[PDB]
2 protein chains.
Amino acid sequence: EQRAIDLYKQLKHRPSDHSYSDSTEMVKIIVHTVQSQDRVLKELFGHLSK
Amino acid sequence: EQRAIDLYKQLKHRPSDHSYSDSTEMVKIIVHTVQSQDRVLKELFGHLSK
Ligand SMILES: O=S(=O)(O)O[C@@H]1[C@@H](O)[C@H](OS(=O)(=O)O)[C@@H](CO[C@H]2O[C@H](CO[C@H]3O[C@H](CO)[C@@H](O)[C@H](OS(=O)(=O)O)[C@H]3OS(=O)(=O)O)[C@@H](O)[C@H](O)[C@H]2O)O[C@@H]1O
Ligand SMILES: O=S(=O)(O)O[C@@H]1[C@@H](O)[C@H](OS(=O)(=O)O)[C@@H](CO[C@H]2O[C@H](CO[C@H]3O[C@H](CO)[C@@H](O)[C@H](OS(=O)(=O)O)[C@H]3OS(=O)(=O)O)[C@@H](O)[C@H](O)[C@H]2O)O[C@@H]1O
């Protein structure tokens, strides 16, 4: 979470804007959160089944 | 050549734009290429005359 925040932070506070073209970096935080989600997600249900 | 490329590269990929005012740096690569050109240019013709 904090990661994504840092990116959105470096999106406005970055040396000016209205021209910055990029987005590949965000992909990082994006993919990771997904993997982590589904992992502990169904995992939580497991420790709940008991 | 690679030099100039690096400058044009730091012209778009640089931290945003739509205001960045500068051009003195490019002068560098510009002048150098000219000198080198005319030097080996007529130089090539010399090694060709033979
Ligand atoms: O430096 S780059 O940006 O070019 O590449 C990054 C890597 O350097 C970085 O590895 S490291 O330097 O942190 O050691 C990784 C990891 O970043 C964080 O996010 C991953 C997310 O990984 C999830 O998805 C991958 C898919 O291949 C799985 O292999 C992970 O499983 S495992 O390896 O953790 O067992 C999976 O993790 S998850 O199940 O918890 O979601 C985290 O795993 C890392 O711990 C984080 O540091 O990011 C770029 O690739
Ligand atoms: O010494 S500092 O770091 O403080 O400042 C450097 C300057 O001294 C340097 O100027 S200079 O010493 O090279 O003349 C500049 C520019 O260097 C870059 O270009 C040279 C190649 O020089 C070419 O352009 C100069 C321009 O005056 C010509 O005089 C050269 O022709 S000649 O005098 O050799 O006959 C010309 O050489 S060339 O025909 O072979 O192209 C490169 O060697 C450097 O690597 C470049 O940085 O850089 C600092 O400001």
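Just so it is clear, none of the values below were taken in a lab; they were calculated from the coordinates. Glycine gets a Cβ as well: all are built from the backbone with ideal geometry, and neighbour counts include every protein chain shown.
If Rh is defined by the Kirkwood formula over all Cα pairs and Rg also comes from Cα, what ratio Rg/Rh do you get for chain B?
Answer for chain B: 1.24.
For the Cα atoms of chain A, what angle does the longest principal axis make with the long axis of helix A:2-12, in degrees from 0 to 90, nearest 10?
20
Report the far tail of the P(r) of the protein assembly as shown, meaning the percent of Cα-Cα pairs longer than 22 Å.
63
Rounded to the nearest 10 degrees, what's the angle between the helix A:24-49 long axis and the longest principal axis of chain A, both from Cα atoms, 0 to 90?
Between helix and principal axis, roughly 20 degrees.
For A:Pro15, which inter-copy label distances result when the label point lies 7 Å beyond Cα on the Cα-to-Cβ vector, reported in nm to one decimal and in ascending order?
0.5
Filter A:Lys9/B:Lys12; B:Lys12/B:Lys42; A:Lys12/B:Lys12; B:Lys9/B:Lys42; A:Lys28/B:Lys9; A:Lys9/A:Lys42 down to the pairs with a C-alpha to C-alpha distance above 29 Å, please.
In this structure, B:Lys12/B:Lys42; B:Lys9/B:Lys42; A:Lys9/A:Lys42 lie more than 29 Å apart at Cα.
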